[PDB]
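Shown below, as structure tokens, is a lone chain in the form deposited in one PDB entry; questions about how it binds or moves come after it.
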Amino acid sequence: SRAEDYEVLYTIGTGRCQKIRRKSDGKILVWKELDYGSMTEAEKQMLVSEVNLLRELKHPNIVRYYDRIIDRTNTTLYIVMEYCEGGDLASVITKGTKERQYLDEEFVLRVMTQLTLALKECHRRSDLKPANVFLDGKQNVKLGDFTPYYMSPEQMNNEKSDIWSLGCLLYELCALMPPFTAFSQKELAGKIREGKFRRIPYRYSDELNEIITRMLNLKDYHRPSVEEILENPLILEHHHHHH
């Protein structure tokens, strides 16, 4: 549990995220670097609190956080977590736009199934966007992190709010653009409150279109619950995580 136990391979993004290798057994991991040198005792206490709660989230569809490492010489805290070799979903959407190629329905069903189960676990314990959703090396989808395109009408003015955000994310995976677009937040808010959007492309089934649309209902109480989503006939065993 010291930084010297690991070698940095390279920087993933900029605190700063780095792919690292554990020296003892060669295991590939990543860590996030948090410089706490500019923080008050009160801000460091809330940091330690947040980090200890991260450690108890064990679920196949939530990024796994293993360890935390302190380096007082640099006032740097390192959060060691699993490595998701597939990167984030935002980059998958970007790729699709550039290649002018829509994503497979099977892929969208996997994201839906696995993110719905991550949310179910989050709700049971008590920010859904493509940049916070990660892919591993075997088609598994994991929620991480922890212009407001995905802002729900009610949050504009609740576990059903998360359903709205998943609807927006799944819609963007299919259309390669969010359901509501605009140049300012006030214009965005107008579009959102009206609750109209284009059908996802026709290569996607009426059944997939229907459930996404339901998640985007203006009335939180008409959006399907996590349990109602998972009962959908589209969602099969192979859409779930597999080790």
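In this text, residue numbers run from 1 along the sequence as written. The term rigid core refers to the most C-alpha atoms you can superpose between the two forms while keeping them within 1.5 Å.
The form deposited in another entry exists for this protein as well; it is not shown, and the discussion that follows is about that form.
- With the rigid core aligned between this form and the one not shown, the listed residues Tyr171, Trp164, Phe134, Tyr78 include just one Cα displaced by at least 2 Å, namely that of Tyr78.
- Core-superposed comparison between this form and the one not shown: CA of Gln45 displaced by 2 Å or more.
- The Cα shift for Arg55 between this form and the one not shown, taken after rigid core superposition, is 2 angstroms or larger.
- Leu218 shows a C-alpha shift below 2 Å between this form and the one not shown [criterion: core-superposed Cα displacement of 2 Å].
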